[PDB]
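Residue numbers start from 1 in every chain, and the chains themselves are labelled A, B, ... in the order their sequence lines are given, proteins ahead of strands.
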Amino acid sequence: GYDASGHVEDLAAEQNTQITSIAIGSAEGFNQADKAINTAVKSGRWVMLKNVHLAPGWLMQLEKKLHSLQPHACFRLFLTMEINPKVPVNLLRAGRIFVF
Amino acid sequence: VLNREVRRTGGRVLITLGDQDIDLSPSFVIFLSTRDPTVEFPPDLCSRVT
Amino acid sequence: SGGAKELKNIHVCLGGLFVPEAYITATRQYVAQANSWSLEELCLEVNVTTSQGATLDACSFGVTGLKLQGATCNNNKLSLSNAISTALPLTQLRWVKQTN
Amino acid sequence: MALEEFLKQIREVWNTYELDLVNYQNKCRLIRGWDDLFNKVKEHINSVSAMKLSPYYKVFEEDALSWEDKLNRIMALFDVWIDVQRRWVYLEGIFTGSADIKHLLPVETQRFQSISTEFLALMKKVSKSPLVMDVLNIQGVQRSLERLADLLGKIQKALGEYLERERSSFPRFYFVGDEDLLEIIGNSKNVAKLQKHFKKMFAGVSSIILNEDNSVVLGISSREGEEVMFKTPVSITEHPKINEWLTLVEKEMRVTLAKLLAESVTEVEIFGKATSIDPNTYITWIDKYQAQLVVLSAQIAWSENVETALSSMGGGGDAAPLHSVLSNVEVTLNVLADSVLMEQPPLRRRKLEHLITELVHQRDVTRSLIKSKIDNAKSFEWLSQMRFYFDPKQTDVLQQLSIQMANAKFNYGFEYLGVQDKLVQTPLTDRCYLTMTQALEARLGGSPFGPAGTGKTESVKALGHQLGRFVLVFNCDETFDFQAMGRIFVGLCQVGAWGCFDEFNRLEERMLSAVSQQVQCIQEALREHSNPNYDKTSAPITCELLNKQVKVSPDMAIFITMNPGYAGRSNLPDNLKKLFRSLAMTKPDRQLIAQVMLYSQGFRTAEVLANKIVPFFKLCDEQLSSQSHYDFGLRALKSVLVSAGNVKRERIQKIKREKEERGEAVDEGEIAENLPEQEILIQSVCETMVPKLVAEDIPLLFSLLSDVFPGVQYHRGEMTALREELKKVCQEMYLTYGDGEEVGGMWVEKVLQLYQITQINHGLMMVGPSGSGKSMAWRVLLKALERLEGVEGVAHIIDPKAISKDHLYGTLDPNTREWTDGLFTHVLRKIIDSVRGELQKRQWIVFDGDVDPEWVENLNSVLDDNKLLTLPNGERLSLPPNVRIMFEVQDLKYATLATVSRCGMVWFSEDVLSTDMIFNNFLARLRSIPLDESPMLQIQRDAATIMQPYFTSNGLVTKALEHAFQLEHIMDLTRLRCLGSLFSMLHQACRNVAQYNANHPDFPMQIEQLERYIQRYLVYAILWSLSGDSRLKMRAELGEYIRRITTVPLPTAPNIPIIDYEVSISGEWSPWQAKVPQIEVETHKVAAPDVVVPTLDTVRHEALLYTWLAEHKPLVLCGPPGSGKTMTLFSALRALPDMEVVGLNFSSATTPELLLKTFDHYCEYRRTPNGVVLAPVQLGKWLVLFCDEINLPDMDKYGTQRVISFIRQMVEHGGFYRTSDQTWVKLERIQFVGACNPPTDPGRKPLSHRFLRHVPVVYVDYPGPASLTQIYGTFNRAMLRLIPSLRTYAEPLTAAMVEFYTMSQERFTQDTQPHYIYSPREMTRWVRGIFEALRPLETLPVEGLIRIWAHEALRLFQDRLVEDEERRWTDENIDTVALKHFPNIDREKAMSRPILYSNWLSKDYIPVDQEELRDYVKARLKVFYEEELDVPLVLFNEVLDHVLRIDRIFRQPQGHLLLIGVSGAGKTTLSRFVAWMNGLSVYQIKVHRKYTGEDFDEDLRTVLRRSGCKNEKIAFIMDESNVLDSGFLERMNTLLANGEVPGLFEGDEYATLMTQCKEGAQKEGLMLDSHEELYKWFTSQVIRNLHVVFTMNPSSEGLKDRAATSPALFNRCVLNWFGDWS
Amino acid sequence: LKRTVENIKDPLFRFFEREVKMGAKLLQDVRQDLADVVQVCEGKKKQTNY
Ligand SMILES: Nc1ncnc2c1ncn2[C@@H]1O[C@H](COP(=O)(O)OP(=O)(O)OP(=O)(O)O)[C@@H](O)[C@H]1O
Ligand SMILES: Nc1ncnc2c1ncn2[C@@H]1O[C@H](COP(=O)(O)OP(=O)(O)O)[C@@H](O)[C@H]1O
Ligand SMILES: Nc1ncnc2c1ncn2[C@@H]1O[C@H](COP(=O)(O)OP(=O)(O)O)[C@@H](O)[C@H]1O
Ligand SMILES: Nc1ncnc2c1ncn2[C@@H]1O[C@H](COP(=O)(O)OP(=O)(O)O)[C@@H](O)[C@H]1O
Ligand SMILES: [Mg+2]
Ligand SMILES: [Mg+2]
């Protein structure tokens, strides 16, 4: 019943920073997420990926991709998800968790 | 490779990687690593590693 | 032992019944058929007795096991209560002609 | 002589009959008149077939046969020709009227150019000789048309991207299929063919109105017949291109509706604010304008009347003219009611009904306003109402009307709606309108949610239609993915139409999340439309959909109706839910809808009728018993009310018809006054609810009717003519027909009930337990309707759970987005297209199988009022009125409320089909149908005469069956399984009498001998059909009961059961023991896989199997594993020549694909004039599919096994559906035998009763101690003739074996470990192992034989044990049994505990010392390190024992190993070492991360080529970790069990395999050329050469699941529990 | 409950008949199941899948 995607959108609006928001369910969603992350890490652009709990296997590879990366200091990746046991532990440790 | 299944024939030490045989050099060593302390390994992999 | 006419006199714990809605509707249909009325022309009146085993009218049925949550009933008189559940000894459900 | 007349008439017909030609655009001469040609061919074929029945056909046989051939050839060629022609036509129109496609698709254009060149040359050849015979005699014309059809189809599938680009031009094409779009584009000139497609592209435009030239579109028409004339016509000549003038037609439709509304309003304004309304002027006004326009004008007029009244009351205390608005509405409603009381034209009647509904709403709203003292037009209780403001001064006609609800404002879309049912405007409906309009004003989607049948979909459609919006309903499922939803959104955005997605939560959660962003971007485009800053004279509003900039029309909306209460539905993610405004719709106002509908239909007592009918539905829901097929919801009440209207109209028509023949005083008012409205309602209620009720509920519902409707009686109309037609059909199908309480009367009543259900519902179910006469009921009804009405009836029977859902409904290609039709989709599309006149026939689509929500909910929009099948490609298929959707089910315990409420119900009880009816059917077929293909018929008639007394009511068979139901059986007991087995056995008895007459041509069997034979055989058959599936004690119980109740003479033996006797052909009871001789087995086939020791059970089971098999009746053998089921079946088949057995081994993952692969290998499909026939390749041979584990394959969550449903379909319907082209295939010379363990065993599921009714089951238990002693005693006596000095030890040794085996079978069971199964198979292996260790021995002391016996026992029993105490117990009890049966021996020389045998230190397999074996193994490992694997091994005693065991298994044909132990124990290394000791090449699959099923298939092909073609002995060593998928195990199971994989070698691989097997068999000295013989030799070589070694870790749950996943691994592989190092 | 021509007309009897019928069916099923469980726990009948 709660979703923090609107919080991220309002935050980006206040900071006057551009953000690309992608739903994760589709395979084209995976491709767009990869391209958006690759573009944003070199420009400080913000990426938000919603409902990532629906793709845990892709989430593990996303964690592995994020580990070996030196993005722009202004780059921010937001992962919106439900509180779900299927979310990988490695991703949880890699990122900072906020409970809504 | 982890089982050290080497075939010594004709003065050659061969390791069968996939479908291809390779001359194994004695100085080879391999280290497997992970960053997840909670990952579960199958018993077959546990038997081949330290 | 006595015929179907003894079904009207017996007190019924509504919780024990598998489908209490059908019991309520059956009592309403019984009263409507006794007076040749319709189901929609009958309104239900509730009487709470101090003790079980009282005089049952031809249009009245005895119900046991009803638990009043949040209230107390004295002389068929409700008052707000700080208790969780209060046992209702015997509830007489009476189907009477609706005077709207 | 008349037969020669028929032949002469046919000859004269086809000597002058010319196919009729018509000039096509000066381009060619096409063929027309297809219906006449096909009808002529069909009726000549029917005449030719019918004259064969005449006894005078022989003299005219040849010629007639010739004509049949010719006719069939004709029926071939033209059945292709038309499709070709049709396709070519539109394809030509595409490759000639558009020059852009030539540059766009050059290769396709040139291909079609060549195709058209050949097509036109064929056209010219037909033109020169239009005679049909000469056309048929054109050289190779059949192949020419087939090739043309294939090529045209390929061009069709090539034109897809052109179809998409054309859809871009006219967005409504987005909701039209590729076939239909091509037909539209290619037939732009011939506009008539376009008509059938308009209902796809428009809400209410069913056809367009065309001038005489067909060049000017004058107007449009609806399905009912309502017509709209364009104010200015659209000229096709001025705008030839089809999308242009279609756009002009749509725009002119909208503008014409706007202008007609502008005139309708200014005329209706007179009717409003008027004291009295003249009926003539009012009815003329309603007739002049369209129903949509009439209702809209009434709503407007009421709106400005209320606005004027409220503006007048602005003073607060002023007088109220709202009462005057009330009075005007009252007067108009009075006129409307007076009109509907009398007979009216149907279109005008429906207009009046809609007016009544709307003005009832207006009356309620005005009453509410007056009750609340409303005097200000700005008060919310008026603003909350839906108001209609019309401004004629507006320059744009499309903007003169505005519809306002609260703050939401809308423009009327002016989409033509035709004449549509309009909902009763209930308070729930008002709340729905308010909430959805608030959502629309916020540019949010609407989301009504609640239980099924509350009005969600209807309410959304009614809201859209009230706004003049094109509303499209989609029945969503999991196939509606991101791309399909995106394409649908693109179509609706460009069109500007409303999208209503029902069951939207049936999508996957990931797909819902993905679709959320498309919804969000579309909602943003709608918001830029709302932005005032935005000007209409600017860049069009556009959003990004599917990576394309798509224009968004402001009139579109997105709605989702769903049921959150259903379990298994996908939860909607929050970001998706915030895009929608949700409304709970749970409790519809039933009373108000009932009252309004009855008042609009003309019922004068509508209030009382509704107040009686709604509580009656409540009392039926609650008072009646609970059944899964019971529904008393809103759909049921709606159906009853509509039926009440229909019955009232037909009753008025009947009354006036009677008045015509009795005087002429026909006053409609008098008819309305004296009309039994309650009787009409009772008739509708009965005709709709009675068929669904169980027997005990019928008096309950009649009592409820008497309570609610006192004094009203319901009487069915005596439908005579239908009953005589059904009686004739029953006579010609050997069925029992009864009337009332006679035999069959209940079934006939159910037939009539199904009949009147078919007249009220387009979707209906017949629900009843297996064997209730349901199939016969609907088939006989179809035939009777065909005879009575003259309309041909065609039934398409689908088993929806015998195939995948993708194969049932279709598949959208993930990459090319190409749609492939499913079976049901293909059939319905074929009916709709009506190429061969399907629309003129009765079409019954019967789903004969299990119903589950996964597949049946795709029919939610089909079974409801929509009558639309929605596909994920945006295509919608309308259900034609001649099509009925039927479901034939035994239960509905998994169906949900929506499906139940969306389909009429006929309930069939077990009492409907009585046992006497079945007996009558069987005896009628016996007396009429000869079994041979008449003396055989005479024998059958005499046998029926003899058996008739026992087949009566309360006779021998009925009492026997009633007693047998109380007995325990290994499977669930059903009546029809026993009856079918009994009837097959009696048919076998008749064949036995015929064959006896064949043996005695001089003295055929007399009537007395026949009677004595038949009575005893009837007793015998009853016994084996009612207790053959039960254990021995039950058989004795049934036999003694029969003895008590029968009058048939019986054996007089005191303590021998009747089941121990056969019936000799001389009509005498002869003991089965007379056919069980004490055989002496030849010493070289001791315990051979083919040798069978005769036993009472063996002789009885073989006879019963012979009886069932020779009739080709499918059967199942059930028993404990190793009970001898396969052995008995092969023994019986040995007595049946011309029968080839093929073994399939079922696993939990077994699908019909295994059977399909087996048919591909062993059978062929062939075209015949009656369809596709699948027959075995070898001619004259019947093929038996032996399924060894038929009850293992996985049962889904809805209680269905797909392979069981498929086998049931083949057995009952005689075929199946080939899903490549959705064609029916009929089996020929193929029967089914299954084997299984009891369903109570782990992993075993109970078989479906619908499957069991066709399949006799025979129970085969383990042989008892005496039988085991006899069978293996003969084996021992045969084997110990090798050493004469040991002969006297035959009896003790056998005894010892038996005792130990029995003790083992008691000590270790499946409860402890899943692999603790001991059967006579261990005894056979024991005998074989001792025999192999005895052949090369000239002599042996008794202690040596005892040592061999103990060693074999240790190998067979101890090697599989897990725990140390179990092995200790086995070791101790070996000694115990050995010294019990063999005293006076030296214990030490026979039971020295290190019992090791080997052939490594000697030529023979002799005992070997542990130290010498250790030295030898060290010496061999020294060489092994330097030759194969340089991994030094520490050598301990368990290793020596393990390598001895592995060597033993490697020295056996089909020697497979299951090594279970901890990883790193050396299982693989020891296996490789032993394989190297035996000359076996080690094969291991090289698994990597990208290793797939295809890689495993290639590896299997490689290893099988090496093992079966090159005669190479290969140890295929594989671990559980190598199993990356369950298909690996499915292949491995078949390879282990049979040494062959049916589908592994296909295409070029099979040809290469055949070449290699030929060159390998020629090297072996064998003369083999046939592919079948070569494949058999290859299988035998694989069997003898390949040794599979399975290695896996010990896991209790893993092992238990492993047993079900790969059963062969636990019964074809020797299991060795190496475990952990001790 | 015993069905009677005049008992069918009584709604109370109809509801109570449904009640007693379903209750008796459930009672028989539960008692048979528990008896089978008891017989299993005494080692007298074999454990089926159900
Ligand atoms: N009126 C009749 N009189 C006598 N025998 C009949 C009659 N109708 C059907 N039968 C016979 O009784 C059996 C009924 O089979 P039918 O297919 O009608 O049953 P069903 O309930 O549809 O079966 P299932 O549940 O397996 O689909 C058949 O053997 C049929 O020949
Ligand atoms: N206001 C109404 N007036 C008349 N019939 C209605 C009304 N609302 C719903 N119905 C009827 O209720 C039945 C179910 O409607 P439907 O929209 O399919 O419900 P749901 O979406 O909840 O399953 C249909 O027969 C429909 O015509
Ligand atoms: N009369 C018999 N003659 C020979 N072997 C028999 C006889 N009865 C039982 N057997 C043995 O019983 C076992 C049956 O094995 P199988 O046919 O695979 O059983 P099932 O089909 O029940 O799985 C074999 O070991 C077979 O030799
Ligand atoms: N008898 C043995 N002597 C020495 N090493 C052994 C022995 N048995 C197992 N191993 C160890 O186990 C490893 C793997 O052997 P393998 O046959 O693959 O075992 P498993 O079949 O149990 O997986 C060897 O390389 C060796 O290190
Ligand atoms: Mg709906
Ligand atoms: Mg049937």
Side-chain angles (χ1 to χ4, degrees), chain D residues 204 206 221-228 260 264 267-268 270-271 276-299 301 329-363 417-424 593-607 609-610 638 641-660 664-677 680-681 683-684:
Chain D
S206 181
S221 296
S222 64
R223 53 177 180 180
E224 299 86 2
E226 189 182 64
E227 281 185 323
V228 179
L260 288 172
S264 185
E267 307 178 3
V268 58
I270 315 301
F271 295 143
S276 57
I277 299 195
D278 166 57
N280 189 359
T281 308
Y282 196 38
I283 302 301
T284 309
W285 164 82
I286 313 169
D287 291 331
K288 187 182 207 299
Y289 290 91
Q290 284 76 3
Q292 182 178 1
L293 309 191
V294 165
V295 170
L296 194 49
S297 296
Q299 300 178 300
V329 179
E330 294 293 328
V331 159
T332 305
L333 271 170
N334 276 317
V335 174
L336 287 174
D338 286 335
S339 299
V340 297
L341 298 181
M342 65 180 288
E343 188 183 1
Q344 300 282 0
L347 177 56
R348 177 196 299 179
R349 190 203 70 240
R350 304 193 66 231
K351 293 178 175 179
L352 297 163
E353 293 168 357
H354 301 188
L355 282 181
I356 288 180
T357 304
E358 181 52 60
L359 277 72
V360 164
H361 181 221
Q362 294 174 356
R363 179 192 57 191
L417 305 184
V419 187
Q420 293 179 356
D421 306 285
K422 292 181 181 180
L423 290 192
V424 170
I593 298 168
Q595 188 274 330
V596 172
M597 281 174 75
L598 293 167
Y599 178 82
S600 53
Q601 292 160 359
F603 289 86
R604 185 177 65 247
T605 50
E607 292 51 64
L609 295 176
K638 191 76 176 300
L641 296 171
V642 168
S643 177
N646 298 121
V647 173
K648 189 167 75 67
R649 285 188 284 295
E650 66 183 1
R651 283 225 191 150
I652 299 179
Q653 291 306 119
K654 176 207 208 293
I655 289 175
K656 58 184 56 178
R657 265 174 291 180
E658 304 319 299
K659 281 197 168 68
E660 301 318 302
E664 294 181 60
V666 187
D667 172 58
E668 59 282 359
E670 180 182 1
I671 280 153
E673 296 294 357
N674 297 115
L675 184 63
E677 296 187 1
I680 298 170
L681 183 63
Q683 189 184 305
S684 298

Passing option when D/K351 is tested against D/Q344, D/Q290, D/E226, D/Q292 for side chain to side chain contact (heavy atoms under 4.5 Å, CB included): D/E226
Least distance between heavy atoms, D/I286 atom then D/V294 atom: O-CG2, 3.7 Å
Gap separating the CG atom of D/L333 from the CZ atom of D/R363, nearest 0.5 angstrom: 5.5 Å
Step-by-step side chain to side chain contact (heavy atoms under 4.5 Å, CB included) determination, D/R649 to D/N646: CA-CA 5 Å; D/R649 285 188 284 295; D/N646 298 121; 2.9 Å; yes
4.5 Å side-chain heavy-atom contact, D/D338 and D/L341: yes
D/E677 side chain to D/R604 backbone, donor-acceptor under 3.5 Å: yes
Flag, side chain of D/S684 to backbone of D/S643, donor-acceptor distance under 3.5 Å: yes
Heavy-atom closest contact (D/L598 atom, D/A606 atom, distance): CB-CB, 3.6 Å
Sole candidate of D/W285, D/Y289, D/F271 that passes side chain to side chain contact (heavy atoms under 4.5 Å, CB included) when paired with D/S297: D/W285
Side-chain touch D/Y282/D/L336, heavy atoms, less than 4.5 angstrom: yes
Side chains of D/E353 and D/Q601, donor plus acceptor under 3.5 Å: no
Interatomic spacing from OG in D/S600 to CZ in D/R350 - rounded to 0.5 Å: 11.0 Å
Distance (rounded to the nearest 0.5 Å) between D/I671 CD1 and D/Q653 CD: 9.0 Å
Side chain to side chain, D/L675 and D/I655, heavy atoms closer than 4.5 Å: yes
Short N-O contact, D/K656 and D/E668, less than 4.0 angstrom: no
D/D278/D/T281 under side chain to side chain donor-acceptor pair (under 3.5 Å): CA gap, chis, key distance, verdict: CA-CA 6 Å; D/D278 166 57; D/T281 308; 3.0 Å; yes
Minimum-distance pair of heavy atoms, taken over all atoms of D/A291 and D/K422: O-NZ, 4.1 Å
Euclidean distance, D/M342 CE relative to D/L352 CG, rounded to 0.5 Å: 10.0 Å
Heavy-atom pair with the smallest gap, counting every atom of D/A301 and D/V268: CB-CG2, 4.3 Å
D/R657 side, atom CZ; D/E650 side, atom CD - distance, nearest 0.5 Å: 8.5 Å
Residue pair D/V666, D/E660: steps toward the side chain to side chain contact (heavy atoms under 4.5 Å, CB included) verdict: CA-CA 8 Å; D/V666 187; D/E660 301 318 302; 3.3 Å; yes
Heavy-atom check, side chain of D/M597 versus side chain of D/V424, under 4.5 Å: yes
Pairwise distance CD1(D/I593) to CG(D/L423) - rounded to 0.5 angstrom: 7.5 Å
pair D/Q683-D/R651: side-chain heavy atoms closer than 4.5 Å: yes
Shortest non-hydrogen contact between D/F603 and D/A644, atoms and distance: CZ-O, 3.5 Å
Chi angles and distances behind the side chain to side chain contact (heavy atoms under 4.5 Å, CB included) call for D/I283, D/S339: CA-CA 9 Å; D/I283 302 301; D/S339 299; 3.4 Å; yes
Minimal non-hydrogen separation, D/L359 against D/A298, with atom names: CD1-CB, 4.1 Å
Side-chain (D/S264) to main-chain (D/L260) donor-acceptor, under 3.5 angstrom: no
Neighbour count >12 (heavy atoms, 6.0 Å) for atom CZ, D/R349: yes
Non-hydrogen side-chain atoms of D/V331 and D/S276 separated by less than 4.5 Å: no
Within-4.5 Å side-chain heavy-atom neighbours: D/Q299 and D/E358: yes
